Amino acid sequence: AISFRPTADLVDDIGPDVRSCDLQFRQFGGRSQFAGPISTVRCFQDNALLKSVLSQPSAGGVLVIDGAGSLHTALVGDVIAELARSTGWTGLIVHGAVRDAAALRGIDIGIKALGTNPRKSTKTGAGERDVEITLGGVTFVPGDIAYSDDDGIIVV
């Protein structure tokens, strides 16, 4: 299991070449801190693929979702968040929007996103899994470890 560590401490440990994400995210989950092995999904205003991924058991994993930063539909709501938590995921990093914000703060999982929108995403299943996602100058690679807190996100 991966033990969480403040991003600032990781930076002190890693040095000048630390992989720190510059993108400013908002916190939505019941946990402000989380760390775990990275899994990825790229999609667009559709969440059937990411939901299937989060349906699988996870050893405290972190799912990075690249929804092109769209604020038009909610990629994650309280249904998918609870599902993720129930299967073992420790955190979700959403390059897009979420819904049920009031409820998300009450789910024991980390959740970062750019904003909110009650409009639902489609469920065609379109998208790609296990791809590399580059956000804020950092590339999220499947298998690498993500650490997230109020300061930012570090990938090791």
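Numbering starts at 1 and follows the sequence shown.
Novice: 50-58 versus 101-109: which one carries the higher mean Cα B factor per the record?
Specialist: Here the higher of the two C-alpha B-factor means belongs to 50-58.
Novice: Given the B-factors recorded for C-alpha atoms, which segment has the greater mean, 38-46 or 120-128?
Specialist: Taking the mean B-factor of the alpha carbons in each, 120-128 is higher.
Novice: So among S70, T87, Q27, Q33, who wins on Cα B-factor in the entry?
Specialist: Checking the PDB record, the top C-alpha B-factor among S70, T87, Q27, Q33 is at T87.
Novice: Where does the C-alpha B-factor of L10 rank in its chain, lowest, middle or highest third?
Specialist: Within its chain, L10 is a lowest-third residue by C-alpha B-factor, going by the deposited values.
Novice: Among the modelled residues of this chain, does the Cα B factor of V141 put it in the lowest, middle or highest third?
Specialist: Answer is middle: the recorded C-alpha B-factor places it there.
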